[PDB]
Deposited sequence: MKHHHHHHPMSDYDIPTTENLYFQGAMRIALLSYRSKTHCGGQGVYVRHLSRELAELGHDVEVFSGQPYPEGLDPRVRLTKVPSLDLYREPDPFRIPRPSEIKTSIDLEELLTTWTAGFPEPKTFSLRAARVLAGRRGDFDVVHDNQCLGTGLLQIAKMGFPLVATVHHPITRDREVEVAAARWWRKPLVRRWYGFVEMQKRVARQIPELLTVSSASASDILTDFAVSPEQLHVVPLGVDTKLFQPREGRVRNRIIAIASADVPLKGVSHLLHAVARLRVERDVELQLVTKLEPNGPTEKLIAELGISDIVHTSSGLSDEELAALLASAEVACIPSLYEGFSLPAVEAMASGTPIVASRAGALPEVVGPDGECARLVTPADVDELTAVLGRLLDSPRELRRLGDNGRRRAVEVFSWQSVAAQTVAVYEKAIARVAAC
């Protein structure tokens, strides 16, 4: 009962990454809105828009992977400066030093996919420990920084009784790789601000939107072929001559408009102004654009790639599912959906309901508190 004291740990918290910062920013605000007191412990990159009701404690580390630059006065033995990726291992160690000073000041210690050895020391100090695993890094597809730290993560997550993952696709890939118990896992997805992301009663005719491997090339041929029959327009949200010179080759530089660095408000207006959102294999473990499109009442055309059929409702409810590499299938389903005015409304109404029913940040925060209480009950 009362305001729970929660320590939210995140070794990295980039403002725009789906996990790390966005997860930390939205979860902290909603936990504080529920009435609990949240204190976030973060390292570089430090978070940005945290709620004033949320306190931030900087855990400094040598950010040798800084964007401007890739030193004799290093103060801690945790500083490894090993060119032989120790940041998750070192963050959990430095967090154990701060957690020892506040042994009775926190009810739960929640981890944001750090999974370091120092977290096991925090649980040894009496802290109930919960860890959120967004994406199992055991997927060393690029093998065909160095992923030696993931061997430490699987040994830690296997001993944290309450584990949080965002989708069943990430849960199954954790069962296969991390060898974690199934009871150990609690699937709680990511949410969206259903107040900010909502229909706005004005949709431009024949306007598609896509937010960003990335199958954007397949969508670019779709809008290129759709131009002859329809006044199609693509609002592409990504930062980009680069590889996307397809815009020049297809002559679609006029109907394709690129935006980047948009705030959540600017994105919500654009995402609600479009008649359809396309998610072509845009799977970073969890599709925040799909949730943000459903919340806006915008029907989706997505690929059958991982958690997209799970996040998006069944085929024919919130979206139409297509085969990823198939350019022509994507082109036929888009045009047939764009030529149907009754289907754009039905899928959009069902997408708003599901977003409100399933993917609201408040519900995500409420389900997280439930996982918190399970770790408290075992202490």
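Quiz item: What are the unmodelled segments when the structure is compared with the full deposited sequence, in sequence order?
Solution: Absent from the structure are positions 1-23, 94-102, 117-118, 179-191, 260-264, 293-295, 435-437.
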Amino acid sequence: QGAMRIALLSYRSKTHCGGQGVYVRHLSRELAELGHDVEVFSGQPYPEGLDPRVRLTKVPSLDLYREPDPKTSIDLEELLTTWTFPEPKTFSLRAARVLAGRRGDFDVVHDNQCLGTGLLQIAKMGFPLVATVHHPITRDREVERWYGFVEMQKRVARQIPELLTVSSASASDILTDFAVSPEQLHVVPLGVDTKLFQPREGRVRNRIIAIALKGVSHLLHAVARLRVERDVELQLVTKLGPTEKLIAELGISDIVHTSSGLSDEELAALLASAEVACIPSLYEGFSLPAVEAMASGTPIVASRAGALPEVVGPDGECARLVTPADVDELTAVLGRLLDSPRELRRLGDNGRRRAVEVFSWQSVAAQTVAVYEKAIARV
From here on, numbers count along this sequence of modelled residues.
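Exercise. Read off the CA B-factors in the entry, average them over 342-350 and over 44-52, and name the higher stretch.
Key: That would be 44-52.
Quiz item: For the stretches 304-312 and 95-103, which has the higher mean C-alpha B-factor as given in the deposited record?
Solution: On average, C-alpha B-factors are higher across 95-103.
Quiz item: Whose C-alpha has the highest temperature factor in the PDB entry: 229, 111, 193, 275?
Solution: Highest C-alpha B-factor among the listed residues goes to 229.
Quiz item: If you check the C-alpha B-factor for each of 158, 135, 186, 207 in the entry, which is highest?
Solution: Going by the entry's C-alpha B-factors, 158 comes out highest.
Practice problem: Rank-wise, by C-alpha B-factor, drop residue 147 into the lowest, middle or highest third of its chain. | Solution: Tercile = highest for this residue's CA B-factor.
Self-check item: Within-chain third of residue 15 by Cα B-factor, per the entry
Solution: As the PDB entry reports it, the C-alpha B-factor of residue 15 lands in the highest third of its chain.
Quiz item: Going by the entry, which third of its chain does the Cα temperature factor of residue 197 land in?
Solution: Answer is lowest: the recorded C-alpha B-factor places it there.
Quiz item: Lowest, middle or highest third of the chain for the C-alpha temperature factor of residue 87?
Solution: Tercile = highest for this residue's CA B-factor.
Quiz item: Taking the entry's C-alpha B-factors for this chain, is residue 28 in the lowest, middle or highest third?
Solution: Lowest third - that is where residue 28 ends up once the chain's C-alpha B-factors are sorted.
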